[PDB]
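*Asks:* I have a structure I would like to understand better, so I am pasting it below and will then ask my questions one at a time.
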Amino acid sequence: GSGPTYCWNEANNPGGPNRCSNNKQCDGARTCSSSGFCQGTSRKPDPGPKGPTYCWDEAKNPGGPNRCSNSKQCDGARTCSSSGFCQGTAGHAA
């Protein structure tokens, strides 16, 4: 959960990616319970970045890409049609 971009690799499992696994399971802004990064938010590909964030590049489809479609394996500046996974763009904040 660093910033629009953490890009929690989100790649390393079928359930989900590595299986959203840090920073509330995602990386991209969260804060731990120590603010570290495990509580808070993963760069809600909110109406700000819209790209300047980014992790994957193809998991929407319901039976082909990394698979998400709903919100569990998409990229970083997207919004699963609107929950923060697949629909937006993907672009990473360096």
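Ligands are numbered from 1 in the order shown, chains are lettered A, B, ... in the order of the structure tokens, and residues start at 1 in each chain.
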Can you list, as a list in words, every protein, DNA or RNA residue that comes within 7 Å of residue 41 (chain A) when you count only C-alpha atoms, leaving out same-chain residues fewer than 5 positions away?
*Replies:*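 Result of the neighbour search: residues 1, 29 and 30 of chain A.
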*Asks:* Find the nearest atom pair between each residue of region 1-29 of chain A and region 60-83 of chain A for residues within 10 Å, count only C-alpha atoms, give distances in Å to one decimal, sort rows by chain and ascending number, and present the table as CSV.
*Replies:*
```
residue,atom,partner,partner_atom,distance
A:4,CA,A:76,CA,7.2
A:5,CA,A:76,CA,6.4
A:6,CA,A:76,CA,8.3
A:7,CA,A:76,CA,6.4
A:8,CA,A:76,CA,8.8
A:9,CA,A:75,CA,9.0
A:10,CA,A:73,CA,6.7
A:11,CA,A:73,CA,7.8
A:13,CA,A:66,CA,9.4
A:14,CA,A:66,CA,7.8
A:15,CA,A:72,CA,8.1
A:16,CA,A:72,CA,5.5
A:17,CA,A:73,CA,5.5
A:18,CA,A:73,CA,9.1
A:19,CA,A:72,CA,8.0
A:20,CA,A:72,CA,7.2
A:26,CA,A:72,CA,9.4
A:27,CA,A:76,CA,9.1
A:28,CA,A:76,CA,7.4
```
*Asks:* Would you save the residues from that selection as a PDB file, in the first residue's frame, using C-alpha atoms?
*Replies:*
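Writing the result to part-v4.pdb gives the following:
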```pdb
ATOM      1  CA  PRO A   4      -0.378   5.089  -6.997  1.00  0.00           C
ATOM      2  CA  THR A   5       1.854   2.730  -8.362  1.00  0.00           C
ATOM      3  CA  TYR A   6       3.010   0.389  -5.576  1.00  0.00           C
ATOM      4  CA  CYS A   7       2.038  -1.935  -7.720  1.00  0.00           C
ATOM      5  CA  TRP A   8       1.813  -4.734  -5.252  1.00  0.00           C
ATOM      6  CA  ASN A   9       3.081  -7.080  -7.947  1.00  0.00           C
ATOM      7  CA  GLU A  10      -0.120  -8.772  -7.695  1.00  0.00           C
ATOM      8  CA  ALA A  11       1.110 -11.708  -9.513  1.00  0.00           C
ATOM      9  CA  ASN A  13      -1.451 -17.063  -7.474  1.00  0.00           C
ATOM     10  CA  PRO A  14      -4.861 -18.058  -9.139  1.00  0.00           C
ATOM     11  CA  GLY A  15      -7.279 -17.039  -6.295  1.00  0.00           C
ATOM     12  CA  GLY A  16      -5.993 -13.755  -6.724  1.00  0.00           C
ATOM     13  CA  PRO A  17      -2.579 -12.536  -7.600  1.00  0.00           C
ATOM     14  CA  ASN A  18       0.173 -13.348  -5.145  1.00  0.00           C
ATOM     15  CA  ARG A  19      -3.248 -13.115  -3.553  1.00  0.00           C
ATOM     16  CA  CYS A  20      -3.701  -9.458  -2.669  1.00  0.00           C
ATOM     17  CA  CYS A  26      -2.871  -4.747  -1.981  1.00  0.00           C
ATOM     18  CA  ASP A  27      -0.142  -2.307  -2.577  1.00  0.00           C
ATOM     19  CA  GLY A  28      -0.619   0.951  -4.056  1.00  0.00           C
TER      20      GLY A  28
END
```
